[PDB]
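Structure record follows, encoded as structure tokens.
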Amino acid sequence: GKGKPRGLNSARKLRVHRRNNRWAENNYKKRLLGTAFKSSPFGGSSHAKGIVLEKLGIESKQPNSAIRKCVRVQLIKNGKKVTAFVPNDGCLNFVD
Amino acid sequence: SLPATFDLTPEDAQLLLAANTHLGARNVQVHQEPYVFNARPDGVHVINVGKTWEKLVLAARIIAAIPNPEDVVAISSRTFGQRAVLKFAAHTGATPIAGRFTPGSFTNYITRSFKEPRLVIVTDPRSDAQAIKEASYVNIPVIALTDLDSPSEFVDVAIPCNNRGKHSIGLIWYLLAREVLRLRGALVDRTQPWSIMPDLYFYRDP
Amino acid sequence: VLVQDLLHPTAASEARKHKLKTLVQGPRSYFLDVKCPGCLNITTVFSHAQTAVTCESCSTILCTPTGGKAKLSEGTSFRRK
Amino acid sequence: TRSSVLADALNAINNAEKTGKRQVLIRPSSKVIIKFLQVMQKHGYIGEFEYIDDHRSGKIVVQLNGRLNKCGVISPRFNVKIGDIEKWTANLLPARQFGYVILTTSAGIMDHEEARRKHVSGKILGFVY
Amino acid sequence: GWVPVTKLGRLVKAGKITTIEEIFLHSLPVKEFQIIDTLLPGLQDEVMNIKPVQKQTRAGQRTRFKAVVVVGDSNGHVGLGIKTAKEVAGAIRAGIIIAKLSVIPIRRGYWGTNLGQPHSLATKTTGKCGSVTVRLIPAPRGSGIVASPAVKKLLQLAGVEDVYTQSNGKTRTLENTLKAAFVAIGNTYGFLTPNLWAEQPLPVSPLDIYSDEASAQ
Amino acid sequence: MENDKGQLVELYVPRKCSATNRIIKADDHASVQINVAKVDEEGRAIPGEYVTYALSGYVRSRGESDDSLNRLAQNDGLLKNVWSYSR
Amino acid sequence: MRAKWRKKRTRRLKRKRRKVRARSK
Amino acid sequence: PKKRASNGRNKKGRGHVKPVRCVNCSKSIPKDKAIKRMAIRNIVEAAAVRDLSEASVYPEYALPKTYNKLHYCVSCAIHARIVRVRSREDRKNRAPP
Amino acid sequence: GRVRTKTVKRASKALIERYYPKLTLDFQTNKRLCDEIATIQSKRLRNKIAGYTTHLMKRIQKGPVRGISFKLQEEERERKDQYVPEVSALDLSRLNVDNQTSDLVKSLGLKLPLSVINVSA
RNA sequence: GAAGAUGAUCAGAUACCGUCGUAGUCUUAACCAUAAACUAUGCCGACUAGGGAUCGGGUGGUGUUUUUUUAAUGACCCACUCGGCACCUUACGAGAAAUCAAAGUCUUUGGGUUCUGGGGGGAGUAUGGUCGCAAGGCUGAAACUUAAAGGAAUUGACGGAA
Ligand SMILES: [Mg+2]
Ligand SMILES: [Mg+2]
Ligand SMILES: [Mg+2]
Ligand SMILES: [Mg+2]
Ligand SMILES: [Mg+2]
Ligand SMILES: [Mg+2]
Ligand SMILES: [Mg+2]
Ligand SMILES: [Mg+2]
Ligand SMILES: [Mg+2]
Ligand SMILES: [Mg+2]
Ligand SMILES: [Mg+2]
Ligand SMILES: [Mg+2]
């Protein structure tokens, strides 16, 4: 009978079964747990201002071989420390 | 539609009973259960020779409807039907393949053995399975000399006969040649027997 | 066979088939007018009769039950139905 | 256990029509089966069908001619308003020009075309095309 | 024509069979591409994909080139041919031959009204090759081919003006996608509609009518 | 199929199997067409005039081509006592 | 790394973790 | 994937058979799986029959036999060349030679 | 190591196929006519081809050879296979018939001279 | 015969191998509740294909054996039949394929129902609850990380495989 119940009065089993199996998605689990506000440094937001603490030079992953020229940024709205890439040629000379 | 003479004459019944064309296989295919008549103890089934003659005459009517006669290809891979196929070939138009079929004969249009029959007759649908399989690729009707155990896969006109005996195979090919010539008009009258007597169609040693 | 008469199957086929798997299901059992060598009276005994059947006047066992048909015992005579 | 004799009947009809048989045998032969088969026969998808009366539930031998592609059952018998018959026809039928969605309607068991001409609707049984 | 073997060729390139529907009616096997060249002269060709396929050798990876070619006039016929060869030009040159030999008819119809000159398919059809399922649905006028740009090209060379398409399976496999769509538009004559229900008198094959012209000596 | 002004638009109305009524399609290469000769008085062949049966590839590949052809030949009188309706 | 022996390694890690947790509690 | 339909053994409808021991290494192998060869030898030789019959009382004695059903495991039978690994199409053959 | 290649065997086969009313069981005669009926590019290859032709002719003289197809072999095999025995099998040399085969005759509605023997299972 | 003891060998010090040997293996009373607990294939129902072999029961042979002048019951043979463990051929069909008479009757998608899965790790982890004398069992995340992991098959290469 292809798995699921089919009968006319079996809508609660289908609805609760979809509600239970709906949690295995990444986006539904993330959105209903609200992990963008609990974690993930920008608290659900797109952009955030911070204050540079130190310029880092990150080793690029293999097989690439370069220094990636990032900064360590402490966010104003959280106090969380993140690492941010300064994304062009030069441009680490531009920050401070 | 066949008026009165195409009934099984008692002389033809003498031929079919004396050649043991009515001795069917012990195991009977479910598609060949129509041709069985009341299996005897020891398990040997009895082929209905009336239905054998009717299917033989129907096969002869199908053979004598292809306009040119040299593309009614007669197949025998078996020693009991080599001479029967070659004499059928000599008496009718009837391109023979006596011996090895050489696969790629009905497909494979660049071989030396490339034929396009409008009809294929086979002595045995088991041993001649390559001819039937290859005729299933290029739209060719198949008349077979089936037994009660031989498969009817891609077989359109199954003449139920004894495949084990050489006398049965040679007689059925002889009768098919005779009926095709009678339908063509090469034999003048259906009532007199053919002057060709049935022992040039049997396998011999030596 | 790809074409057949299912309304009128042959009696040899219907007598081969199971009693539930025929066109209309009915029993293959029957009843027997059975008389003893001794007594003159007639007893109606089932074929698959499950019971040591006696007469009303007899003391004698007419049939003994088995796995299928009852075995009509001891030289008694029978007639169908 | 046996929950839909119409589904069993129409499955037997499909399975014999796929293998090319000219007849089926159907057990156990309900009124819904008889009316569904009468609609199919009216539209030409089967031939004569004959009801064997044993004294229990009946059997049917249907003569399948050659013209059936897929008869089937929509289980459960969904409630079908008159506005969404055409969703069901667009879903189940191969074209707008043929094929019929059979409805159980309080004016009788009928296809969707003369459900529309009678302006009636109701539960869905299945389809034939 | 060009010294034909295969009796069908000796009839077609002599002039006894003049339309390709006479071949398609009797299901005559076509083994020479010049039959299709004479009967369908306006049979345009489109290479859809060239890919390299490799076989690991005792020393090295030998590669051949596999071409899919869709041929077909835009009035009801296509052929899909797939051929691998050492060179891409040989792959095209022989894939055109295989696609010419594989020409089948499709059944255009209507989304539904019989206002003239069929634009869409007559029936929802499906086809499978590998994992790829391609379903074609009849579509109204002006819908166009709602298909991926290879299935769309095959249906454009089929003369389909309007069709909807569903697809399942790994459609990035272009060979399987094109073979599934090819099976799907082959199945249009697979389907038996009520307008085809009428009994027909079952004609005689051209190989029987013109048996003298075929099988030349 | 036709349009609104008559005008049959088919390009080709396909043949049908004489046994199972399926459409024999253009790449059904196992399908055959069998011509049986029409036998006149005193048993000649009448070259040209046939009794024609089309069998699809399905029937032959399932092995019922022989029994189907027995039925359709007996219905046209080419056989007398070969095919029986009640098996 | 066999999954059986990695499972046994994590099972020993379970015992050490609950031993130190019962030590603190 | 499934290399064999009867998975390596002969167990259709049991769930448990019993284990026996290999004769070469005493591995515990199930009785249906094991590999079972009946060794029926003469008690003397193919060549010492003449010596024993010449230096035997009771003329035409019996030349008796010894009987031993041997259960091997798969590794021991393959190593002793009792079963000898087969091709994909040929391993379906269940004929004794 | 005296195996002959296909360029020897095929050429020799073709020479017998179209020149049987010619070349005989003698290698020197075959070698001399291989210069005239064929253009063999070397003396060693001509000698090999003529020697294999001689070997196959000596082989044909005691029973035919498969693969060699000349016009005389068809005719002699056909006049050897045209044998008809006058002892006339399938004729009534006494019809020994079983009980079910007698029932077959009666069901067919024909009158045959039969001889029924009981069959043991 | 875990542990443990001991004898050899090994580059490191092959844990394999030899001889002992505790717990254990067995049983009673109570616990545990897991296995590649596998057919890696939930349960009920219907239909679709041929075949032979076998197990249990039933039915029929004017069958064989108990030949004793029309020879019980068992055993056997033959044909049916129902139920079962399976098997062989084919691929109508299905499948990514290996293969499958079910893993078929599925884009021509609906017979009834329960359970489970949602890329790989982290992780069957942390924590909470509950069960257990314990070992642990059942339930069971997240942060973080990652562009593949994997399945089937083909060609090659390699094998202390033939
Ligand atoms: Mg997708
Ligand atoms: Mg492996
Ligand atoms: Mg187990
Ligand atoms: Mg578990
Ligand atoms: Mg499991
Ligand atoms: Mg349950
Ligand atoms: Mg059974
Ligand atoms: Mg996951
Ligand atoms: Mg758990
Ligand atoms: Mg816990
Ligand atoms: Mg795995
Ligand atoms: Mg793998």
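Every chain in the structure tokens has a letter given in the order shown (A, B, ...), and although residue numbers restart at 1 in each chain, ligands are simply numbered from 1 in the order shown.
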query = If you count only C-alpha atoms (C1' of nucleotides), which residues fall within 7 Å of residue 64 of chain B, apart from same-chain ones fewer than 5 positions away, as a VMD selection string?
reply = (chain B and resid 180 183 to 184) or (chain F and resid 37 45)
File dump, residues just selected, N, CA and C atoms, as a PDB file, in the first residue's frame:
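Result file again-v2.pdb:
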ATOM      1  N   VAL B 180       2.542 -27.920 -50.947  1.00  0.00           N
ATOM      2  CA  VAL B 180       2.903 -26.647 -51.560  1.00  0.00           C
ATOM      3  C   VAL B 180       2.900 -26.759 -53.079  1.00  0.00           C
ATOM      4  N   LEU B 183      -0.729 -26.876 -54.225  1.00  0.00           N
ATOM      5  CA  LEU B 183      -1.352 -25.561 -54.192  1.00  0.00           C
ATOM      6  C   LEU B 183      -0.818 -24.667 -55.299  1.00  0.00           C
ATOM      7  N   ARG B 184       0.472 -24.779 -55.610  1.00  0.00           N
ATOM      8  CA  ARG B 184       1.054 -24.029 -56.712  1.00  0.00           C
ATOM      9  C   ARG B 184       0.547 -24.505 -58.063  1.00  0.00           C
TER      10      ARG B 184
ATOM     11  N   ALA F  37      -2.928 -18.264 -48.449  1.00  0.00           N
ATOM     12  CA  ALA F  37      -3.425 -18.256 -49.818  1.00  0.00           C
ATOM     13  C   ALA F  37      -4.888 -18.672 -49.878  1.00  0.00           C
ATOM     14  N   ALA F  45      -3.894 -21.871 -55.777  1.00  0.00           N
ATOM     15  CA  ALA F  45      -3.448 -20.918 -54.773  1.00  0.00           C
ATOM     16  C   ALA F  45      -4.045 -19.529 -54.910  1.00  0.00           C
TER      17      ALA F  45
END
task = Find the residues near ligand 3. Use a cut-off of 12 Å, count only C-alpha atoms (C1' of nucleotides) and all ligand atoms, and write them as an MDAnalysis selection string.
result = (chainID H and resid 11:18 30) or (chainID J and resid 35:39)
ask   = By how many Å are atom CA of residue 162 of chain E and atom CA of residue 141 of chain E apart?
value =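 Interatomic distance here is 6.4 Å.
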Might you pull out every residue within 6 Å of residue 26 of chain D, with only C-alpha atoms (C1' of nucleotides) counted and same-chain residues fewer than 4 positions away left off, and present them as an mmCIF file with C-alpha atoms, in the first residue's frame?
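The result, written out as around21.cif:
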data_model
loop_
_atom_site.group_PDB
_atom_site.id
_atom_site.type_symbol
_atom_site.label_atom_id
_atom_site.label_comp_id
_atom_site.auth_asym_id
_atom_site.auth_seq_id
_atom_site.Cartn_x
_atom_site.Cartn_y
_atom_site.Cartn_z
ATOM 1 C CA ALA D 9 -11.540 -6.411 -9.882
ATOM 2 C CA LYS D 59 -18.198 -13.865 -9.889
ATOM 3 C CA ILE D 60 -17.907 -11.956 -13.170
#
Name the residues, by chain letter and number, that sit within 10 Å of ligand 12 using only C-alpha atoms (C1' of nucleotides) and all ligand atoms, and give them as a PDB file with N, CA and C atoms (P, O5', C5', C4', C3', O3' and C1' of nucleotides), in the first residue's frame.
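Resulting contents of selection_5.pdb:
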ATOM      1  N   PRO H   1      27.792  -6.636  -2.800  1.00  0.00           N
ATOM      2  CA  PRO H   1      26.426  -7.108  -3.019  1.00  0.00           C
ATOM      3  C   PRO H   1      26.299  -8.600  -2.759  1.00  0.00           C
TER       4      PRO H   1
ATOM      5  P     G J 150      33.757   6.207   0.543  1.00  0.00           P
ATOM      6  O5'   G J 150      32.258   5.781   0.256  1.00  0.00           O
ATOM      7  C5'   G J 150      31.552   4.968   1.174  1.00  0.00           C
ATOM      8  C4'   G J 150      30.078   4.938   0.870  1.00  0.00           C
ATOM      9  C3'   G J 150      29.642   3.962  -0.196  1.00  0.00           C
ATOM     10  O3'   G J 150      29.568   2.633   0.269  1.00  0.00           O
ATOM     11  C1'   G J 150      28.601   6.024  -0.578  1.00  0.00           C
ATOM     12  P     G J 151      30.064   1.440  -0.669  1.00  0.00           P
ATOM     13  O5'   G J 151      28.806   1.146  -1.582  1.00  0.00           O
ATOM     14  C5'   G J 151      27.535   0.914  -1.009  1.00  0.00           C
ATOM     15  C4'   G J 151      26.477   0.855  -2.073  1.00  0.00           C
ATOM     16  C3'   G J 151      26.792  -0.042  -3.246  1.00  0.00           C
ATOM     17  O3'   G J 151      26.492  -1.389  -2.975  1.00  0.00           O
ATOM     18  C1'   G J 151      26.018   2.034  -4.031  1.00  0.00           C
ATOM     19  P     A J 152      27.436  -2.543  -3.530  1.00  0.00           P
ATOM     20  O5'   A J 152      27.168  -2.520  -5.085  1.00  0.00           O
ATOM     21  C5'   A J 152      26.089  -3.245  -5.631  1.00  0.00           C
ATOM     22  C4'   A J 152      25.898  -2.912  -7.079  1.00  0.00           C
ATOM     23  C3'   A J 152      26.977  -3.378  -8.027  1.00  0.00           C
ATOM     24  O3'   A J 152      26.858  -4.742  -8.378  1.00  0.00           O
ATOM     25  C1'   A J 152      26.412  -1.149  -8.513  1.00  0.00           C
ATOM     26  P     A J 153      28.168  -5.591  -8.734  1.00  0.00           P
ATOM     27  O5'   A J 153      28.649  -5.016 -10.136  1.00  0.00           O
ATOM     28  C5'   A J 153      28.074  -5.459 -11.357  1.00  0.00           C
ATOM     29  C4'   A J 153      28.351  -4.496 -12.487  1.00  0.00           C
ATOM     30  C3'   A J 153      29.753  -4.519 -13.062  1.00  0.00           C
ATOM     31  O3'   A J 153      29.932  -5.537 -14.022  1.00  0.00           O
ATOM     32  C1'   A J 153      29.156  -2.305 -12.595  1.00  0.00           C
TER      33        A J 153
END
request  = Residues up to 9 Å from ligand 9, counting only C-alpha atoms (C1' of nucleotides) and all ligand atoms: could you list those as a VMD selection string?
outcome  = chain J and resid 124 137 to 140
Quick one: write out the picked residues with C-alpha atoms (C1' of nucleotides) as a PDB file, in the first residue's frame?
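Saved to selection-v5.pdb:
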ATOM      1  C1'   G J 124      24.477   6.889  18.972  1.00  0.00           C
ATOM      2  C1'   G J 137      19.522  -0.844  27.462  1.00  0.00           C
ATOM      3  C1'   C J 138      15.538   2.568  25.477  1.00  0.00           C
ATOM      4  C1'   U J 139      14.999   7.812  24.239  1.00  0.00           C
ATOM      5  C1'   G J 140      18.615  11.225  22.206  1.00  0.00           C
TER       6        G J 140
END
key: Shell around residue 92 of chain J at 12 Å using only C-alpha atoms (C1' of nucleotides), local window under 6 positions removed, as number ranges by chain   = D: 15-16, 18-20; F: 57-63; J: 48-49, 101, 104-105
Produce a file of the selected residues containing N, CA and C atoms (P, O5', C5', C4', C3', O3' and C1' of nucleotides), as a PDB file, in the first residue's frame.
ATOM      1  N   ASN D  15      -4.430  -6.515 -15.315  1.00  0.00           N
ATOM      2  CA  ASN D  15      -3.410  -7.539 -15.470  1.00  0.00           C
ATOM      3  C   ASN D  15      -3.713  -8.494 -16.607  1.00  0.00           C
ATOM      4  N   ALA D  16      -4.980  -8.777 -16.885  1.00  0.00           N
ATOM      5  CA  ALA D  16      -5.274  -9.581 -18.059  1.00  0.00           C
ATOM      6  C   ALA D  16      -5.187  -8.797 -19.355  1.00  0.00           C
ATOM      7  N   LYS D  18      -3.101  -6.332 -19.923  1.00  0.00           N
ATOM      8  CA  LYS D  18      -1.677  -6.147 -20.197  1.00  0.00           C
ATOM      9  C   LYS D  18      -1.082  -7.364 -20.884  1.00  0.00           C
ATOM     10  N   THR D  19      -1.469  -8.556 -20.451  1.00  0.00           N
ATOM     11  CA  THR D  19      -0.978  -9.795 -21.030  1.00  0.00           C
ATOM     12  C   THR D  19      -1.811 -10.260 -22.209  1.00  0.00           C
ATOM     13  N   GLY D  20      -2.835  -9.507 -22.583  1.00  0.00           N
ATOM     14  CA  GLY D  20      -3.510  -9.722 -23.840  1.00  0.00           C
ATOM     15  C   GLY D  20      -4.660 -10.689 -23.806  1.00  0.00           C
TER      16      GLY D  20
ATOM     17  N   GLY F  57       4.423  -8.172 -31.735  1.00  0.00           N
ATOM     18  CA  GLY F  57       5.581  -8.823 -31.160  1.00  0.00           C
ATOM     19  C   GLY F  57       5.334  -9.400 -29.790  1.00  0.00           C
ATOM     20  N   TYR F  58       4.375  -8.842 -29.050  1.00  0.00           N
ATOM     21  CA  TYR F  58       4.047  -9.343 -27.722  1.00  0.00           C
ATOM     22  C   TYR F  58       3.512 -10.763 -27.767  1.00  0.00           C
ATOM     23  N   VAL F  59       2.616 -11.046 -28.708  1.00  0.00           N
ATOM     24  CA  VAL F  59       1.979 -12.354 -28.788  1.00  0.00           C
ATOM     25  C   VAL F  59       3.006 -13.421 -29.134  1.00  0.00           C
ATOM     26  N   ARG F  60       3.893 -13.106 -30.075  1.00  0.00           N
ATOM     27  CA  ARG F  60       4.926 -14.041 -30.487  1.00  0.00           C
ATOM     28  C   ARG F  60       5.971 -14.229 -29.399  1.00  0.00           C
ATOM     29  N   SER F  61       6.314 -13.158 -28.681  1.00  0.00           N
ATOM     30  CA  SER F  61       7.296 -13.255 -27.615  1.00  0.00           C
ATOM     31  C   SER F  61       6.742 -13.926 -26.376  1.00  0.00           C
ATOM     32  N   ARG F  62       5.426 -13.984 -26.225  1.00  0.00           N
ATOM     33  CA  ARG F  62       4.821 -14.776 -25.168  1.00  0.00           C
ATOM     34  C   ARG F  62       4.419 -16.158 -25.644  1.00  0.00           C
ATOM     35  N   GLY F  63       4.610 -16.459 -26.919  1.00  0.00           N
ATOM     36  CA  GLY F  63       4.420 -17.810 -27.383  1.00  0.00           C
ATOM     37  C   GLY F  63       3.007 -18.155 -27.759  1.00  0.00           C
TER      38      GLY F  63
ATOM     39  P     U J  48      -4.089 -14.593 -12.557  1.00  0.00           P
ATOM     40  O5'   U J  48      -2.833 -13.883 -13.222  1.00  0.00           O
ATOM     41  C5'   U J  48      -2.977 -13.030 -14.348  1.00  0.00           C
ATOM     42  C4'   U J  48      -1.684 -12.329 -14.654  1.00  0.00           C
ATOM     43  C3'   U J  48      -0.535 -13.245 -15.002  1.00  0.00           C
ATOM     44  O3'   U J  48      -0.572 -13.665 -16.344  1.00  0.00           O
ATOM     45  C1'   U J  48       0.188 -11.649 -13.430  1.00  0.00           C
ATOM     46  P     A J  49      -0.331 -15.201 -16.676  1.00  0.00           P
ATOM     47  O5'   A J  49       1.075 -15.489 -16.001  1.00  0.00           O
ATOM     48  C5'   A J  49       2.286 -15.115 -16.646  1.00  0.00           C
ATOM     49  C4'   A J  49       2.935 -16.314 -17.275  1.00  0.00           C
ATOM     50  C3'   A J  49       2.350 -17.633 -16.783  1.00  0.00           C
ATOM     51  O3'   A J  49       2.389 -18.617 -17.807  1.00  0.00           O
ATOM     52  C1'   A J  49       4.626 -17.563 -16.292  1.00  0.00           C
ATOM     53  P     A J 101      13.143 -14.514  -7.009  1.00  0.00           P
ATOM     54  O5'   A J 101      11.568 -14.662  -7.103  1.00  0.00           O
ATOM     55  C5'   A J 101      10.871 -14.321  -8.293  1.00  0.00           C
ATOM     56  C4'   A J 101       9.390 -14.207  -8.050  1.00  0.00           C
ATOM     57  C3'   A J 101       8.657 -15.512  -7.767  1.00  0.00           C
ATOM     58  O3'   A J 101       7.574 -15.240  -6.881  1.00  0.00           O
ATOM     59  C1'   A J 101       7.720 -14.486  -9.657  1.00  0.00           C
ATOM     60  P     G J 104       8.551  -4.476  -7.060  1.00  0.00           P
ATOM     61  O5'   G J 104       8.060  -5.236  -8.359  1.00  0.00           O
ATOM     62  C5'   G J 104       8.679  -5.015  -9.611  1.00  0.00           C
ATOM     63  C4'   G J 104       7.823  -5.547 -10.721  1.00  0.00           C
ATOM     64  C3'   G J 104       6.442  -4.931 -10.821  1.00  0.00           C
ATOM     65  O3'   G J 104       6.439  -3.735 -11.571  1.00  0.00           O
ATOM     66  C1'   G J 104       6.253  -7.271 -10.833  1.00  0.00           C
ATOM     67  P     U J 105       5.461  -2.534 -11.181  1.00  0.00           P
ATOM     68  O5'   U J 105       4.017  -3.128 -11.436  1.00  0.00           O
ATOM     69  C5'   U J 105       3.506  -3.274 -12.748  1.00  0.00           C
ATOM     70  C4'   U J 105       2.100  -3.806 -12.721  1.00  0.00           C
ATOM     71  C3'   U J 105       1.108  -2.989 -11.921  1.00  0.00           C
ATOM     72  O3'   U J 105       0.635  -1.844 -12.603  1.00  0.00           O
ATOM     73  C1'   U J 105       0.878  -5.262 -11.359  1.00  0.00           C
TER      74        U J 105
END
key: Within 9 Å of ligand 7, counting only C-alpha atoms (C1' of nucleotides) and all ligand atoms, residues as a list in words   =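 Those residues are residues 82, 83 and 84 of chain J.
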inquiry  = Residues within 12 Å of residue 72 of chain J, please, as an MDAnalysis selection string. Count only C-alpha atoms (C1' of nucleotides); anything in the same chain fewer than 4 positions from it doesn't count.
reply    = (chainID C and resid 73:74) or (chainID J and resid 66)
Output of the above residues as a PDB file, in the first residue's frame, restricted to N, CA and C atoms (P, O5', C5', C4', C3', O3' and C1' of nucleotides):
ATOM      1  N   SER C  73     -16.907 -50.403   6.763  1.00  0.00           N
ATOM      2  CA  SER C  73     -16.238 -51.547   7.352  1.00  0.00           C
ATOM      3  C   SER C  73     -17.102 -52.796   7.299  1.00  0.00           C
ATOM      4  N   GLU C  74     -16.423 -53.946   7.389  1.00  0.00           N
ATOM      5  CA  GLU C  74     -17.004 -55.230   7.807  1.00  0.00           C
ATOM      6  C   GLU C  74     -18.054 -55.767   6.835  1.00  0.00           C
TER       7      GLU C  74
ATOM      8  P     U J  66       5.959 -60.001  -4.842  1.00  0.00           P
ATOM      9  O5'   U J  66       5.461 -60.799  -3.567  1.00  0.00           O
ATOM     10  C5'   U J  66       4.086 -60.815  -3.232  1.00  0.00           C
ATOM     11  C4'   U J  66       3.889 -60.720  -1.745  1.00  0.00           C
ATOM     12  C3'   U J  66       2.549 -61.211  -1.225  1.00  0.00           C
ATOM     13  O3'   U J  66       2.467 -62.623  -1.121  1.00  0.00           O
ATOM     14  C1'   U J  66       3.094 -59.126  -0.222  1.00  0.00           C
TER      15        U J  66
END
ask   = Residues at most 10 Å from residue 64 of chain F, counting only C-alpha atoms (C1' of nucleotides), excluding those fewer than 6 positions away in the same chain, as a VMD selection string?
value = (chain B and resid 31 152 to 156) or (chain C and resid 1 to 3) or (chain D and resid 20) or (chain F and resid 19 55 58 70)
Selection to disk with N, CA, C and O atoms, as a CSV table (one decimal), in the first residue's frame:
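Result written to part24.csv:
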chain,number,residue,atom,x,y,z
B,31,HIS,N,1.5,-24.6,-24.3
B,31,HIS,CA,1.0,-24.1,-25.5
B,31,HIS,C,0.8,-25.2,-26.5
B,31,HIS,O,0.0,-25.0,-27.5
B,152,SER,N,7.2,-22.6,-28.3
B,152,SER,CA,6.5,-21.9,-29.4
B,152,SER,C,6.9,-20.4,-29.3
B,152,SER,O,6.1,-19.5,-29.7
B,153,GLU,N,8.1,-20.1,-28.9
B,153,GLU,CA,8.5,-18.7,-28.8
B,153,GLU,C,8.8,-18.2,-30.2
B,153,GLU,O,9.7,-18.8,-30.8
B,154,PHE,N,8.2,-17.1,-30.6
B,154,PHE,CA,8.2,-16.6,-32.0
B,154,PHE,C,8.0,-17.6,-33.0
B,154,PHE,O,8.6,-17.6,-34.1
B,155,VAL,N,7.1,-18.6,-32.8
B,155,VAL,CA,6.7,-19.5,-33.7
B,155,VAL,C,5.2,-19.3,-34.0
B,155,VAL,O,4.4,-19.2,-33.1
B,156,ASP,N,4.9,-19.0,-35.3
B,156,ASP,CA,3.6,-18.7,-35.7
B,156,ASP,C,2.7,-19.8,-36.2
B,156,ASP,O,1.5,-19.9,-35.9
C,1,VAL,N,-3.3,-19.3,-22.5
C,1,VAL,CA,-3.9,-19.8,-23.8
C,1,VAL,C,-4.5,-18.6,-24.5
C,1,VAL,O,-4.9,-18.7,-25.6
C,2,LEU,N,-4.6,-17.5,-23.7
C,2,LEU,CA,-4.8,-16.1,-24.1
C,2,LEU,C,-6.2,-15.9,-24.5
C,2,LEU,O,-6.7,-14.7,-24.5
C,3,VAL,N,-7.0,-16.9,-24.8
C,3,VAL,CA,-8.4,-16.9,-25.2
C,3,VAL,C,-9.0,-18.2,-24.7
C,3,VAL,O,-8.6,-19.2,-25.2
D,20,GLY,N,-2.8,-9.5,-22.6
D,20,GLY,CA,-3.5,-9.7,-23.8
D,20,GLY,C,-4.7,-10.7,-23.8
D,20,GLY,O,-5.1,-11.1,-24.9
F,19,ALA,N,-4.8,-10.5,-32.9
F,19,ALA,CA,-5.0,-11.3,-31.7
F,19,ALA,C,-5.4,-10.5,-30.5
F,19,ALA,O,-6.5,-10.6,-29.9
F,55,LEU,N,0.2,-10.0,-36.4
F,55,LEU,CA,0.4,-10.4,-35.1
F,55,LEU,C,1.5,-9.5,-34.5
F,55,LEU,O,2.6,-9.4,-35.1
F,58,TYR,N,4.4,-8.8,-29.0
F,58,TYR,CA,4.0,-9.3,-27.7
F,58,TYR,C,3.5,-10.8,-27.8
F,58,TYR,O,3.9,-11.6,-27.0
F,70,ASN,N,-4.2,-20.1,-34.7
F,70,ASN,CA,-5.2,-21.2,-34.7
F,70,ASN,C,-6.6,-20.7,-34.6
F,70,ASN,O,-7.5,-21.1,-35.4
task = Define the interface residues of chain J facing chain C as those within 6 Å, counting only C-alpha atoms (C1' of nucleotides), and report them as number ranges by chain.
result = J: 58, 80-81
query = Within 12 Å of segment 14-23 of chain G, counting only C-alpha atoms (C1' of nucleotides), which residues qualify if same-chain residues fewer than 5 places away don't, as a PyMOL selection string?
reply = (chain G and resi 7-9) or (chain J and resi 125-126+135-136)
Exercise answer, 8 Å around ligand 8 with only C-alpha atoms (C1' of nucleotides) and all ligand atoms, as an NGL selection string = (:A and (24)) or (:J and (118-120))
ask   = Smallest atom-to-atom distance to chain C: which of B:198, B:34, B:10, B:125, using only C-alpha atoms?
value =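 Selected residue with least distance to chain C: B:34.
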request  = Name each residue within 12 Å of ligand 1, counting only C-alpha atoms (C1' of nucleotides) and all ligand atoms, as number ranges by chain.
outcome  = E: 131-134, 166-173
